[PDB]
$ cat my_file_6.cif   # mmCIF, C-alpha atoms
data_run
loop_
_atom_site.label_atom_id
_atom_site.label_comp_id
_atom_site.auth_asym_id
_atom_site.auth_seq_id
_atom_site.Cartn_x
_atom_site.Cartn_y
_atom_site.Cartn_z
CA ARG A 12 92.67 107.29 78.70
CA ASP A 13 89.16 106.05 77.88
CA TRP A 14 87.56 106.75 81.24
CA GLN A 15 88.22 109.39 83.91
CA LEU A 16 87.20 108.94 87.52
CA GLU A 17 85.84 112.27 88.77
CA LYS A 18 84.45 111.73 92.29
CA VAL A 19 84.40 109.03 94.93
CA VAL A 20 81.75 108.87 97.67
CA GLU A 21 82.43 106.04 100.15
CA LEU A 22 80.61 104.67 103.18
CA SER A 23 82.95 102.53 105.25
CA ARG A 24 82.04 100.33 108.17
CA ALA A 25 84.15 100.62 111.31
CA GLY A 26 86.90 98.07 111.53
CA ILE A 27 87.18 95.03 113.76
CA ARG A 28 85.82 95.59 117.25
CA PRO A 29 85.28 93.32 120.19
CA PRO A 30 81.64 92.95 121.00
CA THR A 31 79.89 96.08 122.30
CA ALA A 32 79.11 96.23 126.06
CA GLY A 33 75.41 95.37 125.38
CA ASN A 34 76.33 92.58 122.99
CA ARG A 35 78.63 91.03 125.55
CA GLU A 36 75.97 90.98 128.22
CA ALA A 37 73.33 89.53 125.88
CA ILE A 38 75.65 86.84 124.49
CA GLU A 39 77.10 85.84 127.89
CA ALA A 40 73.58 85.62 129.31
CA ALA A 41 72.47 83.65 126.25
CA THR A 42 75.26 81.06 126.57
CA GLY A 43 75.53 80.91 130.40
CA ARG A 44 79.26 81.61 130.17
CA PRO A 45 81.72 84.50 129.89
CA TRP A 46 83.29 85.27 126.49
CA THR A 47 86.83 86.27 125.80
CA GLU A 48 87.87 89.71 126.99
CA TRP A 49 89.93 91.17 124.15
CA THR A 50 93.01 93.33 124.62
CA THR A 51 90.84 96.04 123.08
CA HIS A 52 88.03 97.53 125.16
CA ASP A 53 84.53 96.47 124.19
CA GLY A 54 83.24 98.50 121.25
CA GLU A 55 86.57 100.01 120.23
CA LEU A 56 88.67 99.47 117.13
CA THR A 57 91.16 96.69 117.71
CA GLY A 58 94.76 97.22 116.54
CA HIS A 59 94.37 94.27 114.21
CA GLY A 60 91.28 96.10 112.94
CA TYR A 61 93.29 99.24 112.39
CA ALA A 62 95.93 97.13 110.60
CA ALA A 63 93.34 95.63 108.23
CA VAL A 64 91.80 99.05 107.55
CA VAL A 65 95.25 100.57 106.88
CA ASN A 66 95.83 97.84 104.31
CA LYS A 67 92.61 98.64 102.46
CA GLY A 68 93.32 102.36 102.66
CA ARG A 69 96.83 101.89 101.28
CA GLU A 70 95.62 99.98 98.20
CA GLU A 71 92.80 102.49 97.81
CA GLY A 72 95.16 105.47 98.01
CA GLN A 73 97.35 103.82 95.39
CA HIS A 74 94.37 102.87 93.23
CA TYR A 75 92.91 106.39 93.21
CA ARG A 76 96.27 108.14 92.55
CA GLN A 77 96.93 105.77 89.64
CA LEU A 78 93.44 106.71 88.33
CA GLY A 79 94.30 110.43 88.57
CA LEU A 80 91.56 111.25 91.06
CA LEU A 81 94.04 112.03 93.78
CA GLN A 82 97.15 114.20 93.43
CA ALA A 83 100.56 112.64 94.11
CA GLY A 84 101.91 113.10 97.65
CA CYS A 85 99.83 114.53 100.50
CA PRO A 86 96.23 115.50 99.97
CA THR A 87 94.69 118.95 100.29
CA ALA A 88 91.26 120.15 101.33
CA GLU A 89 90.33 119.54 97.62
CA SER A 90 91.51 115.91 97.64
CA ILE A 91 89.38 114.36 100.38
CA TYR A 92 86.98 115.06 103.24
CA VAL A 93 86.54 112.36 105.87
CA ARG A 94 83.55 112.39 108.19
CA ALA A 95 83.29 109.69 110.84
CA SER A 96 80.57 108.70 113.29
CA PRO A 97 81.70 110.08 116.70
CA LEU A 98 82.15 106.63 118.26
CA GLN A 99 85.76 105.76 119.01
CA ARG A 100 85.88 102.87 116.57
CA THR A 101 84.62 104.81 113.57
CA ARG A 102 86.96 107.71 114.27
CA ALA A 103 89.88 105.33 114.61
CA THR A 104 88.78 103.59 111.39
CA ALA A 105 88.59 106.93 109.60
CA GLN A 106 92.15 107.61 110.86
CA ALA A 107 93.30 104.18 109.70
CA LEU A 108 91.91 104.63 106.16
CA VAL A 109 93.71 107.93 105.63
CA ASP A 110 96.73 106.51 107.48
CA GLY A 111 97.04 103.90 104.71
CA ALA A 112 95.87 106.10 101.82
CA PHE A 113 98.22 109.00 102.60
CA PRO A 114 101.33 107.62 104.29
CA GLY A 115 102.77 110.01 106.85
CA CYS A 116 100.52 112.94 105.86
CA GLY A 117 98.86 113.36 109.27
CA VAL A 118 95.51 113.68 107.55
CA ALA A 119 92.72 114.93 109.80
CA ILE A 120 89.30 113.32 109.99
CA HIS A 121 86.10 115.02 111.17
CA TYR A 122 83.30 114.08 113.52
CA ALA A 123 80.40 115.73 115.34
CA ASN A 124 81.17 117.46 118.64
CA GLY A 125 78.44 115.43 120.49
CA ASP A 126 77.33 111.77 120.37
CA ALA A 127 74.87 112.09 117.50
CA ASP A 128 75.68 112.72 113.84
CA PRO A 129 72.55 113.48 111.84
CA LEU A 130 73.83 111.18 109.04
CA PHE A 131 74.40 108.19 111.37
CA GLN A 132 72.74 108.32 114.76
CA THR A 133 69.59 109.15 112.83
CA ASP A 134 67.27 107.91 115.59
CA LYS A 135 68.33 110.96 117.64
CA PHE A 136 66.65 113.48 115.30
CA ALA A 137 62.93 114.31 114.81
CA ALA A 138 62.96 114.14 111.03
CA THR A 139 64.78 110.75 110.96
CA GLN A 140 63.21 108.55 113.71
CA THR A 141 60.89 105.58 113.24
CA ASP A 142 57.31 105.73 114.48
CA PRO A 143 57.05 102.78 116.91
CA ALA A 144 53.61 101.70 115.64
CA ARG A 145 54.69 101.76 111.99
CA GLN A 146 57.99 100.09 112.84
CA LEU A 147 56.23 97.20 114.58
CA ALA A 148 53.76 96.68 111.75
CA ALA A 149 56.60 96.72 109.21
CA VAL A 150 58.86 94.28 111.06
CA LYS A 151 55.93 91.95 111.88
CA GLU A 152 54.91 92.13 108.22
CA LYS A 153 58.32 91.25 106.76
CA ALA A 154 58.87 88.61 109.43
CA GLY A 155 55.59 86.76 108.68
CA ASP A 156 55.60 83.21 110.08
CA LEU A 157 58.61 83.45 112.42
CA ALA A 158 58.32 79.78 113.48
CA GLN A 159 58.72 78.94 109.80
CA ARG A 160 61.77 81.23 109.62
CA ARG A 161 63.34 79.52 112.67
CA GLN A 162 62.77 76.07 111.23
CA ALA A 163 64.39 77.10 107.93
CA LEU A 164 67.52 78.19 109.81
CA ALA A 165 67.51 75.09 112.14
CA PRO A 166 70.82 73.72 110.73
CA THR A 167 72.55 77.09 111.13
CA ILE A 168 71.04 77.46 114.63
CA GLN A 169 72.51 74.07 115.44
CA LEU A 170 76.02 74.96 114.17
CA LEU A 171 75.91 78.09 116.31
CA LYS A 172 74.78 76.00 119.30
CA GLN A 173 77.61 73.42 118.71
CA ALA A 174 80.05 76.35 118.71
CA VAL A 175 78.90 78.49 121.66
CA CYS A 176 77.18 76.13 124.12
CA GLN A 177 78.77 73.87 126.72
CA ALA A 178 77.54 70.28 126.59
CA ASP A 179 75.33 69.33 129.58
CA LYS A 180 74.95 72.99 130.62
CA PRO A 181 71.86 75.01 129.65
CA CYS A 182 71.83 77.28 126.64
CA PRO A 183 68.70 79.42 127.12
CA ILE A 184 68.72 81.55 123.93
CA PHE A 185 68.20 78.48 121.70
CA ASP A 186 65.06 77.57 123.68
CA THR A 187 63.10 80.79 123.11
CA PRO A 188 60.72 80.96 120.09
CA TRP A 189 61.06 83.95 117.77
CA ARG A 190 58.76 86.90 118.39
CA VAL A 191 58.88 90.51 117.36
CA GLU A 192 59.40 92.58 120.51
CA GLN A 193 59.44 96.31 121.01
CA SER A 194 61.23 98.14 123.78
CA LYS A 195 59.78 101.29 125.34
CA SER A 196 62.11 103.33 123.05
CA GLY A 197 60.39 101.67 120.05
CA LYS A 198 63.41 99.58 119.00
CA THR A 199 62.16 96.32 117.58
CA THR A 200 64.04 93.04 117.85
CA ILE A 201 63.43 89.37 117.18
CA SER A 202 63.56 87.33 120.38
CA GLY A 203 66.35 84.76 120.18
CA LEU A 204 67.32 85.60 116.60
CA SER A 205 68.78 89.01 117.41
CA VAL A 206 71.07 87.77 120.19
CA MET A 207 72.06 84.82 117.98
CA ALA A 208 72.96 87.42 115.30
CA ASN A 209 74.96 89.30 117.92
CA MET A 210 76.72 86.04 118.76
CA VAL A 211 77.45 85.40 115.10
CA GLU A 212 78.75 88.90 114.55
CA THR A 213 81.06 88.43 117.54
CA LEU A 214 82.35 85.11 116.24
CA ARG A 215 82.95 86.60 112.80
CA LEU A 216 84.80 89.55 114.29
CA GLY A 217 86.75 87.17 116.53
CA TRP A 218 87.77 85.16 113.49
CA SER A 219 88.65 88.32 111.52
CA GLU A 220 90.52 89.67 114.56
CA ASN A 221 92.93 86.73 114.53
CA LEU A 222 91.90 85.73 118.07
CA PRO A 223 93.39 82.40 119.09
CA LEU A 224 90.98 79.54 118.35
CA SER A 225 90.85 78.84 122.10
CA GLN A 226 89.48 82.36 122.75
CA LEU A 227 87.15 82.57 119.72
CA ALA A 228 84.67 79.74 120.37
CA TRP A 229 86.57 77.52 122.82
CA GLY A 230 88.35 75.55 120.09
CA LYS A 231 85.10 74.77 118.23
CA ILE A 232 85.65 77.11 115.26
CA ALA A 233 88.83 76.13 113.41
CA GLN A 234 88.31 77.28 109.79
CA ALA A 235 86.74 80.20 107.91
CA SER A 236 83.99 78.00 106.42
CA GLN A 237 82.53 77.52 109.96
CA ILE A 238 82.05 81.29 110.31
CA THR A 239 80.49 81.42 106.80
CA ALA A 240 78.00 78.68 107.77
CA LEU A 241 76.77 80.83 110.76
CA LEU A 242 76.28 84.08 108.82
CA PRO A 243 72.74 83.31 107.58
CA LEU A 244 71.50 84.10 111.12
CA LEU A 245 73.11 87.53 110.79
CA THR A 246 71.49 87.93 107.36
CA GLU A 247 68.16 86.92 108.88
CA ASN A 248 68.35 89.54 111.60
CA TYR A 249 69.37 92.27 109.12
CA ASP A 250 66.39 91.28 106.93
CA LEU A 251 64.11 91.90 109.90
CA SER A 252 65.67 95.10 111.24
CA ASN A 253 67.92 97.42 109.27
CA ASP A 254 66.84 96.13 105.85
CA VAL A 255 63.15 96.47 106.55
CA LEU A 256 62.29 99.08 103.93
CA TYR A 257 60.36 101.36 106.28
CA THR A 258 63.15 101.40 108.87
CA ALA A 259 65.71 102.00 106.10
CA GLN A 260 63.57 104.86 104.74
CA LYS A 261 63.12 106.71 108.07
CA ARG A 262 66.61 106.12 109.43
CA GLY A 263 68.71 105.75 106.22
CA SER A 264 67.31 108.30 103.76
CA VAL A 265 69.34 111.22 105.09
CA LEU A 266 72.57 109.26 104.50
CA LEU A 267 71.75 107.98 101.05
CA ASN A 268 70.64 111.47 100.09
CA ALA A 269 73.87 112.99 101.36
CA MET A 270 75.77 110.28 99.45
CA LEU A 271 73.95 110.78 96.11
CA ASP A 272 74.23 114.57 96.36
CA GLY A 273 77.92 114.05 97.14
CA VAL A 274 78.50 112.07 93.96
CA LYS A 275 76.58 114.72 91.98
CA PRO A 276 78.41 117.52 90.16
CA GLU A 277 78.58 120.93 91.84
CA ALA A 278 78.69 118.98 95.15
CA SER A 279 79.63 120.60 98.47
CA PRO A 280 82.27 120.32 99.64
CA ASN A 281 84.39 120.40 96.50
CA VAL A 282 86.37 117.20 97.04
CA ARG A 283 87.46 114.30 94.86
CA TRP A 284 86.81 111.81 97.63
CA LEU A 285 84.08 112.04 100.28
CA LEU A 286 84.69 109.28 102.80
CA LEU A 287 81.99 108.53 105.37
CA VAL A 288 82.92 106.10 108.12
CA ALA A 289 80.01 104.73 110.15
CA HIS A 290 78.34 101.43 111.07
CA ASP A 291 76.99 98.28 109.52
CA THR A 292 73.47 99.39 110.37
CA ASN A 293 74.06 102.53 108.26
CA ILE A 294 75.47 100.64 105.25
CA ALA A 295 72.55 98.19 105.54
CA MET A 296 69.91 100.91 105.45
CA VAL A 297 71.55 102.71 102.51
CA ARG A 298 71.98 99.62 100.31
CA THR A 299 68.36 98.63 101.08
CA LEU A 300 67.22 102.05 99.89
CA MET A 301 69.52 101.47 96.87
CA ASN A 302 67.78 98.13 96.48
CA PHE A 303 71.28 96.74 96.16
CA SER A 304 71.68 93.13 97.25
CA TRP A 305 75.07 91.46 97.24
CA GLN A 306 76.67 88.20 98.21
CA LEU A 307 80.45 88.08 98.36
CA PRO A 308 82.23 84.69 98.41
CA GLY A 309 82.75 83.40 101.95
CA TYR A 310 79.91 85.63 103.20
CA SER A 311 76.15 85.40 103.26
CA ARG A 312 73.70 87.70 101.56
CA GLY A 313 74.02 91.40 102.39
CA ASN A 314 76.85 90.77 104.82
CA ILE A 315 78.79 93.90 105.80
CA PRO A 316 82.26 92.90 107.03
CA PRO A 317 84.42 95.12 109.22
CA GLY A 318 86.24 97.75 107.15
CA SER A 319 84.01 96.97 104.17
CA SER A 320 82.52 99.81 102.13
CA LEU A 321 79.81 100.88 99.69
CA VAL A 322 81.35 103.04 96.95
CA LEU A 323 79.87 105.47 94.40
CA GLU A 324 82.25 106.57 91.67
CA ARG A 325 81.29 109.16 89.07
CA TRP A 326 83.19 108.47 85.86
CA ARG A 327 83.49 110.37 82.59
CA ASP A 328 83.85 108.99 79.06
CA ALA A 329 86.89 110.55 77.37
CA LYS A 330 85.14 110.53 73.96
CA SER A 331 81.62 111.74 74.51
CA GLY A 332 82.10 113.54 77.84
CA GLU A 333 79.06 111.71 79.17
CA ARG A 334 78.93 110.89 82.86
CA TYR A 335 78.46 107.46 84.45
CA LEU A 336 77.98 106.19 87.96
CA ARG A 337 79.67 103.03 89.18
CA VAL A 338 78.40 101.52 92.40
CA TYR A 339 79.94 98.63 94.32
CA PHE A 340 80.36 96.99 97.68
CA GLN A 341 83.84 95.84 98.68
CA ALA A 342 85.28 93.86 101.54
CA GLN A 343 88.00 91.40 102.44
CA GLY A 344 87.34 87.71 102.93
CA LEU A 345 87.40 86.10 106.34
CA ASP A 346 90.92 84.64 106.19
CA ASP A 347 92.37 87.72 104.51
CA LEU A 348 91.23 89.87 107.46
CA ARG A 349 92.52 87.22 109.86
CA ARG A 350 95.89 87.19 108.08
CA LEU A 351 96.13 90.99 107.66
CA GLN A 352 96.49 90.19 104.00
CA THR A 353 97.41 93.18 101.93
CA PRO A 354 95.07 93.03 98.92
CA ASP A 355 96.79 92.28 95.58
CA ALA A 356 96.62 90.17 92.37
CA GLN A 357 96.68 86.80 94.15
CA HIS A 358 94.40 87.98 97.03
CA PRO A 359 92.10 90.65 95.60
CA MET A 360 89.45 92.65 97.45
CA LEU A 361 86.08 90.97 97.09
CA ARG A 362 83.71 93.19 95.20
CA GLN A 363 80.25 93.19 93.74
CA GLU A 364 78.98 95.85 91.39
CA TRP A 365 75.44 97.16 91.34
CA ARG A 366 73.81 97.14 87.91
CA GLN A 367 70.61 97.83 86.04
CA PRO A 368 69.41 97.82 82.43
CA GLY A 369 71.51 100.43 80.61
CA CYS A 370 74.81 99.91 82.39
CA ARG A 371 77.80 98.97 80.35
CA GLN A 372 80.87 96.92 80.82
CA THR A 373 84.14 98.89 80.60
CA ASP A 374 87.85 98.54 81.39
CA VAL A 375 87.22 100.26 84.75
CA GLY A 376 84.07 98.33 85.78
CA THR A 377 80.30 98.42 85.31
CA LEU A 378 79.35 102.00 84.46
CA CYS A 379 75.76 103.24 84.42
CA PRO A 380 74.43 106.36 82.74
CA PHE A 381 74.52 108.92 85.50
CA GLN A 382 71.07 110.41 85.68
CA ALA A 383 69.35 107.02 85.19
CA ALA A 384 71.58 105.61 87.95
CA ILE A 385 70.98 108.44 90.43
CA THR A 386 67.20 108.27 89.81
CA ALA A 387 67.18 104.49 90.29
CA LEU A 388 69.21 104.45 93.50
CA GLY A 389 67.07 107.22 94.95
CA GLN A 390 63.53 105.97 94.20
CA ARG A 391 63.06 104.52 97.66
CA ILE A 392 64.26 107.64 99.58
CA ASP A 393 61.62 109.14 101.92
CA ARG A 394 61.98 112.88 101.24
CA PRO A 395 60.63 114.07 104.65
CA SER A 396 63.25 111.78 106.30
CA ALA A 397 66.01 113.19 104.05
CA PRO A 398 66.75 116.66 105.37
CA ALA A 399 69.70 118.50 103.81
CA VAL A 400 72.86 118.09 105.88
CA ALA A 401 75.88 120.40 105.73
CA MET A 402 78.53 117.82 104.80
CA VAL A 403 81.40 119.89 106.13
CA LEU A 404 81.16 119.74 109.92
CA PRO A 405 82.53 122.57 112.11
CA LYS A 406 85.84 122.44 114.09
#
$ encode --input "my_file_6.cif" --output "structure tokens"
Amino acid sequence: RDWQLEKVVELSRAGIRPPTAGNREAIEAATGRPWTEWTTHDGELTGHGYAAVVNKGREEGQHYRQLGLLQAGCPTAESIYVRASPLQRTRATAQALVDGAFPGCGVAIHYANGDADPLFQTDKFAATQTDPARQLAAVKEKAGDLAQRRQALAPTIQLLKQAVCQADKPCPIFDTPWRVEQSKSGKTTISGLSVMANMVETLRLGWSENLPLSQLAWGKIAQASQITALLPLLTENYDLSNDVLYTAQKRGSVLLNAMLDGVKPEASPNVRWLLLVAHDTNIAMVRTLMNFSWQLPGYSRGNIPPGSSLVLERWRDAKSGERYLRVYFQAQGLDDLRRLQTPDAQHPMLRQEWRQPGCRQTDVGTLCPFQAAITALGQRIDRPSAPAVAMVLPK
């Protein structure tokens, strides 16, 4: 064996959800019409979502056993530690991953006893909140000419409008020019764009969910390519929120730091696989701190599909004993999620590997000298916003 996988650190997004309660209200207001009520409650992991996540977890359990990272059979405390954001959907997604990865092993997952995890709900902690003033300057600065940004996305805005608006009946959201706004809590948002993004996320999830076409966008969206054509609005909103460097630094540093320290030797806990299950906003902030941009086929730049994940693998050369870090983002394509396609040779997981000068191509993927990789991924971390977190939760 030329290469030995030593440690996995993984940050999964929650699986397929219906829109959140807030999303629903914004998007129904924005389109002057009610949207499909799913058989899943708003914000929770759909069963289809669980199915899709189980399928990824099953392949991943098989993959990592074959690579000798994981023991055969049921895992121990040394095999894996799963830590999920306390929301229902992330817990359920955590359960679904280990459900697939360790068939019948009743593997426990862990989450904070309250509603805030310092790794995830980072805006609930002193060290890891944005300063409103700074946040506004930073968003306004990346945004620049917002009228110019709206014009550039005009075609995509139109496709969204053709999909979600009734002819003859008003569609207010498409009429409001794009401004940076800031709520009393200091959350910034782009008027019009944000809610359009929310709409687009809901359509994508509806597609992925295997909703009937009649309940997705009233018959208007019939093929995966139509979802793909709408995703640049979602990319736009991410560019002006979660992937604004400053926001990523204040709210995402603690997570990236916990992730890099987790892939480091002598890590605590002593586990072969540290699986963190949280939200798209969290993945977005981390990859932005990693300065890791991806574009998977069928998706737009930076897109974070349901049940997707950012992975850090520490590998070891069998000859030299030198250590390498492999970093990638993985997801399933739109139709694959819709079809509950089990990933395999003819329908592989979509994947893009991070790279920098120094990395090398190997049988097991792009591998980057460890210390140079850890240093590079970490440059952008704000140390004061990266407190140490005990990775093993209580209870």
$ closest_residue --input "my_file_6.cif" --among "A:133, A:225, A:99, A:321" --to "residue 400 of chain A" --atoms "only C-alpha atoms"
A:133
$ resolve_selection --input "my_file_6.cif" --expression "the PyMOL selection byres ((chain A and resi 44) around 10)" --output "count of residues only"
15
$ atom_distance --input "my_file_6.cif" --atom1 "atom CA of residue 389 of chain A" --atom2 "atom CA of residue 267 of chain A"
7.7 Å
$ resolve_selection --input "my_file_6.cif" --expression "the PyMOL selection byres ((chain A and resi 276) around 12)" --output "list in words"
residues 17, 18, 19, 20, 271, 272, 273, 274, 275, 277, 278, 279, 280, 281, 282, 283, 324, 325, 326, 327, 334, 335, 336, 381, 382 and 385 of chain A
$ write_last_selection --input "my_file_6.cif" --atoms "C-alpha atoms" --output "PDB file, in the frame of the given file"
ATOM      1  CA  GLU A  17      85.840 112.270  88.770  1.00  0.00           C
ATOM      2  CA  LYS A  18      84.450 111.730  92.290  1.00  0.00           C
ATOM      3  CA  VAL A  19      84.400 109.030  94.930  1.00  0.00           C
ATOM      4  CA  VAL A  20      81.750 108.870  97.670  1.00  0.00           C
ATOM      5  CA  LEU A 271      73.950 110.780  96.110  1.00  0.00           C
ATOM      6  CA  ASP A 272      74.230 114.570  96.360  1.00  0.00           C
ATOM      7  CA  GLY A 273      77.920 114.050  97.140  1.00  0.00           C
ATOM      8  CA  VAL A 274      78.500 112.070  93.960  1.00  0.00           C
ATOM      9  CA  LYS A 275      76.580 114.720  91.980  1.00  0.00           C
ATOM     10  CA  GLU A 277      78.580 120.930  91.840  1.00  0.00           C
ATOM     11  CA  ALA A 278      78.690 118.980  95.150  1.00  0.00           C
ATOM     12  CA  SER A 279      79.630 120.600  98.470  1.00  0.00           C
ATOM     13  CA  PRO A 280      82.270 120.320  99.640  1.00  0.00           C
ATOM     14  CA  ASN A 281      84.390 120.400  96.500  1.00  0.00           C
ATOM     15  CA  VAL A 282      86.370 117.200  97.040  1.00  0.00           C
ATOM     16  CA  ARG A 283      87.460 114.300  94.860  1.00  0.00           C
ATOM     17  CA  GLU A 324      82.250 106.570  91.670  1.00  0.00           C
ATOM     18  CA  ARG A 325      81.290 109.160  89.070  1.00  0.00           C
ATOM     19  CA  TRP A 326      83.190 108.470  85.860  1.00  0.00           C
ATOM     20  CA  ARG A 327      83.490 110.370  82.590  1.00  0.00           C
ATOM     21  CA  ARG A 334      78.930 110.890  82.860  1.00  0.00           C
ATOM     22  CA  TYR A 335      78.460 107.460  84.450  1.00  0.00           C
ATOM     23  CA  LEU A 336      77.980 106.190  87.960  1.00  0.00           C
ATOM     24  CA  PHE A 381      74.520 108.920  85.500  1.00  0.00           C
ATOM     25  CA  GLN A 382      71.070 110.410  85.680  1.00  0.00           C
ATOM     26  CA  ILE A 385      70.980 108.440  90.430  1.00  0.00           C
TER      27      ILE A 385
END
$ closest_residue --input "my_file_6.cif" --among "A:123, A:30, A:160, A:349" --to "residue 223 of chain A" --atoms "all atoms listed in the file"
A:349
$ closest_atom_pairs --input "my_file_6.cif" --of "segment 20-63 of chain A" --to "segment 299-315 of chain A" --cutoff "12 Å" --atoms "all atoms listed in the file" --output "JSON lines"
{"residue": "A:22", "atom": "CA", "partner": "A:315", "partner_atom": "CA", "distance": 11.2}
{"residue": "A:23", "atom": "CA", "partner": "A:315", "partner_atom": "CA", "distance": 9.6}
{"residue": "A:24", "atom": "CA", "partner": "A:315", "partner_atom": "CA", "distance": 7.6}
{"residue": "A:25", "atom": "CA", "partner": "A:315", "partner_atom": "CA", "distance": 10.2}
{"residue": "A:26", "atom": "CA", "partner": "A:315", "partner_atom": "CA", "distance": 10.8}
{"residue": "A:27", "atom": "CA", "partner": "A:315", "partner_atom": "CA", "distance": 11.6}
$ write_last_selection --input "my_file_6.cif" --atoms "C-alpha atoms" --output "tab-separated table (two decimals), keeping the file's coordinate frame"
chain	number	residue	atom	x	y	z
A	22	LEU	CA	80.61	104.67	103.18
A	23	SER	CA	82.95	102.53	105.25
A	24	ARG	CA	82.04	100.33	108.17
A	25	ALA	CA	84.15	100.62	111.31
A	26	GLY	CA	86.90	98.07	111.53
A	27	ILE	CA	87.18	95.03	113.76
$ atom_distance --input "my_file_6.cif" --atom1 "atom CA of residue 295 of chain A" --atom2 "atom CA of residue 153 of chain A"
15.9 Å
$ closest_residue --input "my_file_6.cif" --among "A:209, A:258, A:167, A:187" --to "residue 33 of chain A" --atoms "all atoms listed in the file"
A:209
$ atom_distance --input "my_file_6.cif" --atom1 "atom CA of residue 216 of chain A" --atom2 "atom CA of residue 173 of chain A"
18.2 Å
$ closest_residue --input "my_file_6.cif" --among "A:57, A:205, A:82, A:159" --to "residue 253 of chain A" --atoms "all atoms listed in the file"
A:205
$ closest_residue --input "my_file_6.cif" --among "A:174, A:88, A:379, A:342" --to "residue 362 of chain A" --atoms "all atoms listed in the file"
A:342
$ closest_residue --input "my_file_6.cif" --among "A:287, A:141, A:351, A:329" --to "residue 256 of chain A" --atoms "all atoms listed in the file"
A:141
$ decode --input "my_file_6.cif" --residues "segment 281-293 of chain A" --atoms "N, CA, C and O atoms" --output "PDB file, in the first residue's frame"
ATOM      1  N   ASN A 281      -9.204  11.319  20.232  1.00  0.00           N
ATOM      2  CA  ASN A 281      -8.470  10.367  19.444  1.00  0.00           C
ATOM      3  C   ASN A 281      -9.485   9.560  18.631  1.00  0.00           C
ATOM      4  O   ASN A 281     -10.064   8.588  19.123  1.00  0.00           O
ATOM      5  N   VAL A 282      -9.714   9.980  17.395  1.00  0.00           N
ATOM      6  CA  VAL A 282     -10.672   9.326  16.523  1.00  0.00           C
ATOM      7  C   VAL A 282     -10.150   9.356  15.106  1.00  0.00           C
ATOM      8  O   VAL A 282      -9.421  10.271  14.732  1.00  0.00           O
ATOM      9  N   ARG A 283     -10.519   8.346  14.325  1.00  0.00           N
ATOM     10  CA  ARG A 283     -10.087   8.249  12.945  1.00  0.00           C
ATOM     11  C   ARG A 283     -10.939   9.127  12.069  1.00  0.00           C
ATOM     12  O   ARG A 283     -10.518   9.537  10.994  1.00  0.00           O
ATOM     13  N   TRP A 284     -12.153   9.409  12.525  1.00  0.00           N
ATOM     14  CA  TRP A 284     -13.103  10.185  11.731  1.00  0.00           C
ATOM     15  C   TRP A 284     -13.868  11.153  12.641  1.00  0.00           C
ATOM     16  O   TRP A 284     -14.584  10.726  13.548  1.00  0.00           O
ATOM     17  N   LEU A 285     -13.664  12.450  12.426  1.00  0.00           N
ATOM     18  CA  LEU A 285     -14.391  13.479  13.155  1.00  0.00           C
ATOM     19  C   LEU A 285     -15.365  14.018  12.144  1.00  0.00           C
ATOM     20  O   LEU A 285     -14.950  14.544  11.116  1.00  0.00           O
ATOM     21  N   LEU A 286     -16.652  13.822  12.409  1.00  0.00           N
ATOM     22  CA  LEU A 286     -17.715  14.223  11.502  1.00  0.00           C
ATOM     23  C   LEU A 286     -18.506  15.346  12.153  1.00  0.00           C
ATOM     24  O   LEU A 286     -19.077  15.172  13.239  1.00  0.00           O
ATOM     25  N   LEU A 287     -18.520  16.506  11.501  1.00  0.00           N
ATOM     26  CA  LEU A 287     -19.268  17.657  11.984  1.00  0.00           C
ATOM     27  C   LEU A 287     -20.391  17.853  11.001  1.00  0.00           C
ATOM     28  O   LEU A 287     -20.160  17.895   9.793  1.00  0.00           O
ATOM     29  N   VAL A 288     -21.612  17.920  11.516  1.00  0.00           N
ATOM     30  CA  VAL A 288     -22.795  18.107  10.694  1.00  0.00           C
ATOM     31  C   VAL A 288     -23.480  19.403  11.090  1.00  0.00           C
ATOM     32  O   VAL A 288     -23.979  19.535  12.218  1.00  0.00           O
ATOM     33  N   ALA A 289     -23.488  20.360  10.166  1.00  0.00           N
ATOM     34  CA  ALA A 289     -23.999  21.699  10.422  1.00  0.00           C
ATOM     35  C   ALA A 289     -24.654  22.243   9.152  1.00  0.00           C
ATOM     36  O   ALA A 289     -25.274  21.487   8.406  1.00  0.00           O
ATOM     37  N   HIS A 290     -24.496  23.541   8.890  1.00  0.00           N
ATOM     38  CA  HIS A 290     -25.293  24.202   7.861  1.00  0.00           C
ATOM     39  C   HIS A 290     -24.438  24.727   6.739  1.00  0.00           C
ATOM     40  O   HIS A 290     -23.200  24.787   6.852  1.00  0.00           O
ATOM     41  N   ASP A 291     -25.122  25.063   5.642  1.00  0.00           N
ATOM     42  CA  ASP A 291     -24.477  25.635   4.479  1.00  0.00           C
ATOM     43  C   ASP A 291     -23.712  26.894   4.847  1.00  0.00           C
ATOM     44  O   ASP A 291     -22.588  27.091   4.391  1.00  0.00           O
ATOM     45  N   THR A 292     -24.298  27.730   5.696  1.00  0.00           N
ATOM     46  CA  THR A 292     -23.627  28.952   6.109  1.00  0.00           C
ATOM     47  C   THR A 292     -22.258  28.627   6.748  1.00  0.00           C
ATOM     48  O   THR A 292     -21.262  29.305   6.488  1.00  0.00           O
ATOM     49  N   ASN A 293     -22.207  27.556   7.538  1.00  0.00           N
ATOM     50  CA  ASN A 293     -20.963  27.133   8.173  1.00  0.00           C
ATOM     51  C   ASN A 293     -19.917  26.640   7.154  1.00  0.00           C
ATOM     52  O   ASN A 293     -18.742  27.022   7.218  1.00  0.00           O
TER      53      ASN A 293
END
